[PDB]
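Protein chains: 2
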Amino acid sequence: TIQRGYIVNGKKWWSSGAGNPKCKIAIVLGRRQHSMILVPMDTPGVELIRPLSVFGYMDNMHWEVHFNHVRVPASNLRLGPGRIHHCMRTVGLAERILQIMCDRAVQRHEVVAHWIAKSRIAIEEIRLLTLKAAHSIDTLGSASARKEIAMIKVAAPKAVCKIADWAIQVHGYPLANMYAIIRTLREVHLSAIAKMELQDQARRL
Amino acid sequence: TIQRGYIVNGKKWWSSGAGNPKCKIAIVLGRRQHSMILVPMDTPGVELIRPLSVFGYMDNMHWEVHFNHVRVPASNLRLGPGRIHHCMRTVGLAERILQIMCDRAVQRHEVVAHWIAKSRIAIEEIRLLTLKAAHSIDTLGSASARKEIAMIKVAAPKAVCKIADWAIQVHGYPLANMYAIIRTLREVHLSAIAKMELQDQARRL
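Chains as they are written, first to last, in UniProt numbering: chain A, 521 to 524, 528 to 554, 564 to 593, 597 to 612, 626 to 656, 666 to 729, 737 to 750, 757 to 775; chain B, 521 to 524, 528 to 554, 564 to 593, 597 to 612, 626 to 656, 666 to 729, 737 to 750, 757 to 775.
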């Protein structure tokens with residue numbers, strides 16, 4: 521609730540980076565009810581509830600937040629670059645994972670070679686998609702690249718998780741942290763892409 | 521090394540259940565070099581090295600073992629039932645996971670229904686395979702059921718891991741422990763099955 528000064532009483536969840544000692548500001552876009569208002573965490577009514585663990589890693593480098604009727608002044612009141633960078637970092641992680649798995653395979666069959674080849678193919682395809690989306694954002698404005706953004710949001714995590722699984726299978737180590745990150749970062759976007767594709771086909775005809 | 528009393532100097536790894544305070548006996552089948569000899573853990577030279585963590589779970593319910604020239608007398612010197633039970637327990641775990649996922653899906666689309674149906678199909682097929690292998694062991698001796706044992710060793714973990722992934726995806737809880745167990749319990759058996767199948771085809775002709 522962001523009901524009108529204005530009061531914001533509600534319960535947060537999965538708020539990444541909420542446990543840092545140097546975390547003061549906080550941006551909440553809560554209930564055309566979309567109205568994002570800054571809320572300092574030192575204000576009364578804000579209190580961290582409990583830490584959330586993913587696969588048993590505390591992720592010291597996901598504490599729940601509760602906002603019980605915080606009083607803030609009216610003064611205290626997009627996704628393209630974020631998605632692009634969040635896909636590029638994952639691509640780099642997958643490249644490092646593939647390097648590690650190749651080195652381990654050499655140090656210690667046909668199936669491992671097939672796994673390496675498939676991983677390289679997937680990495681190249683995902684990198685090309687990410688760069689195409691970034692260039693589309695750069696050149697032809699930022700409102701004409703939602704389709705590519707949804708596409709890179711769909712494609713990358715599945716192939717990267719598959720690569721991580723193949724690597725940890727070959728291993729039978738930093739790869740643990742990479743798998744943790746890839747699993748943490750892991757189907758409505760497919761419906762959105764289908765809607766956009768149908769609209770495009772209707773427009774073309 | 522189990523070289524001939529006899530001395531057994533070597534390093535163990537991934538020894539499950541080695542950290543229990545009530546763990547005294549130990550069976551090691553080390554270097564027709566297959567000669568399994570009991571080795572009490574209180575004997576000099578046996579010392580636990582470090583605990584092994586899988587996905588960041590200590591599994592209180597995998598400490599490394601080191602045997603540095605343990606002196607034991609000569610007095611101190626199959627897999628079918630083990631594989632059958634290890635597949636049956638996994639099948640039961642998958643059934644409970646499917647029950648939990650169905651209850652959560654009801655409490656909170667077509668894709669979830671498709672996931673439920675596929676999970677049920679896989680569970681039924683795996684249960685049938687396990688029961689067939691067990692009955693083959695029971696009736697026609699224990700030396701004529703290696704093929705089915707390898708088959709159940711191949712089939713079950715993949716489908717059960719897929720079911721666990723679908724469940725944790727639907728969830729967006738005991739399921740964490742189930743996923744931990746299914747991942748911990750997760757390709758040479760395929761080659762063995764191919765060899766046995768080729769031998770059977772050659773014999774039939």
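The beta-carbon is built from N, C-alpha and C at its ideal position, and this holds for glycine as well.
- Neighbourhood of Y737(A) in chain B, by CB distance below 7 angstroms: empty, with the nearest CB roughly 12 angstroms away.
- Interface annotation for the region 578-589 of chain B against chain A: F587, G588, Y589, criterion Cβ-Cβ distance under 7 angstroms.
- The region 575-587 of chain A makes no contact with the region 667-675 of chain A, as fewer than three CB pairs between them are under 8 angstroms.
- Residue pairing by DSSP places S567(B) opposite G553(B) in a beta bridge.
- Annotation for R606(A): the continuous beta strand (DSSP E) segment containing it runs 600-607.
- Considering only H566(B), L688(B), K545(B), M742(B), the residue with the shortest C-alpha distance to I709(B) is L688(B).
- Judged by DSSP secondary structure, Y743(A) falls outside any beta strand (DSSP E) and instead within the alpha helix (DSSP H) spanning 739-748.
- Here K534(A) is bridged, per DSSP, to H601(A).
- Within 7 angstroms of the CB of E757(A), the CB atoms of chain B belong to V668, in sequence order along the chain.
- Residue burial is scored here from C-beta neighbours: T748(B) has fewer than 16 other C-beta atoms within 10 angstroms and is therefore classed as exposed.
- With a cutoff of 8 angstroms on beta-carbon distance, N603(A) and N543(A) are scored as not near each other.
- Burial state of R631(B) is buried, judged by a 10 Å Cβ sphere holding 16 or more other Cβ atoms.
- Remark: C-beta atoms of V607(B) and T575(B) approach each other more closely than 8 angstroms.
- Less than 8 angstroms separates the beta-carbon of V639(A) from that of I680(A).
- If you draw a straight line from the Cα of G540(B) to the Cα of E705(A), it comes to about 50 angstroms.
- For a cut-off of 8 angstroms, the C-beta gap from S567(B) to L627(B) is around 17 angstroms, too long to register as a contact.
- Counting C-beta atoms within 10 angstroms of its own C-beta, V758(B) has fewer than 16 neighbours from the protein chains shown and is therefore classed as exposed.
- Under a 10 Å Cβ-count criterion, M593(A) is classified as exposed, with fewer than 16 other Cβ atoms of the shown protein chains found around its own Cβ.
- In the DSSP annotation of this structure, the continuous segment of the alpha helix (DSSP H) that includes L768(A) starts and ends at 759-774.
- Beta-bridge pairing by DSSP links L580(B) to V600(B).
- As the crow flies, the alpha-carbon of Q523(A) is around 30 angstroms from that of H728(B).
- Between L646(A) and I725(A), the beta carbon gap of about 13 angstroms keeps them out of contact (Cβ cut-off 8 angstroms).
- Around the beta carbon of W723(B), a 10 Å sphere encloses 16 or more other beta carbons of the protein chains shown; the residue is thus reported as buried.
- A distance below 7 angstroms between beta-carbons, with the five flanking residues on each side excluded, links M573(A) to the following residues of its chain, in chain order: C546, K547, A549.
- Looking at the DSSP output, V668(B) bridges to nothing.
- When beta bridges are read from the DSSP output, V586(A) appears opposite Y589(A).
- Counting of Cβ neighbours within 10 angstroms places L641(A) among the buried residues, the total reaching 16 or more.
- Between the alpha carbons of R564(B) and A764(B) lies a gap of roughly 25 angstroms.
- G528(A) and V571(A) have their alpha carbons spaced roughly 13 angstroms apart.
- Inclusion of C718(A) and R750(A) in the CB contact set at 8 angstroms is warranted, their separation being smaller than that value.
- Leaving aside the five residues that flank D651(B) on each side, none in its chain has a CB nearer than 6 angstroms to its CB.
- Contact between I746(A) and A713(A) fails: their C-beta atoms lie close to 10 angstroms from each other, not under 8 angstroms.
- Residue environment analysis places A674(A) among the exposed positions, since fewer than 16 neighbouring C-beta atoms fall within 10 angstroms of its C-beta.
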